[PDB]
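Okay, here we've got a single chain as structure tokens, the form deposited in one PDB entry, with questions on binding and movement later.
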């Protein structure tokens, strides 16, 4: 939708195909800090967005923004290190351009990760929250990636989202966590997207808690939306990098320029979590 035409996607995917011998099945999208997951791929083939045809280039930050094709624990992946966000200024049709390319590349599963602040008090920074559902606040106002004329070549005008985050994949991630003897249980909740780059205020934090969100972030939802729109199996998770402040006594103050949590404890715990899951993603071959 908008700005890009089917041809564009078709050309980016083809150029990609004719530039890598890897035919990816699973596309992983690395959220803030969770980028080194690319390091553990094998037969890795790296493309910086910039060199790829119709691919949105990353803003100012020339310290990342690449598409790494590889193999992770048996699965042929394609990892987008450094996602695009609304705050950077991108129209959602750009933010989610890669998700449609992945589809044309043959990807049938998209696992999206992100760093989210925590609204549910049981969460603790470092916790990993499996996304059971989302609340797409921007989409309410009209900030939806599917806006504009619908290309029946990708999907429906009115795709359903009640079933976004794969019920099976979630089942497995939970088990996989247990069979890792973790102690701190895999959390499960609802991720709420908020666009603006600034961080929540206590009042905002409280409306989000009342609305039913468990984690608040500034990404993922547009991708999940267009993935599901074109059929991709979606599974994703949030890394609780910080308890959002719900009291005026606050004292503490939200900081991103502290993308620690993610690179800290998480860095490993999560990238290994992701690897074993590759095993749990059904092979397009499977059968028995």
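Numbering follows the first chain given and starts at 1. Here the rigid core means the biggest group of C-alpha atoms that line up within 1.5 Å when the two forms are laid on top of each other.
Omitted from view is the form deposited in another entry, to which the following refers.
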For the list 230, 67, 37, 262, which one shows a CA move of 2 Å or more between the shown form and the other one after the core is fit? 262
Taking the rigid core as the superposition reference, indicate whether the CA of residue 252 shifts 2 angstroms or more between the shown form and the other one. yes
Did residue 196 and residue 259 drift closer or farther in that other deposited form, going by a CA distance change of 3 angstroms or more? farther
How does the C-alpha distance between residue 257 and residue 237 change in that other deposited form compared with the present structure, closer or farther, given a change of 3 angstroms or more? closer
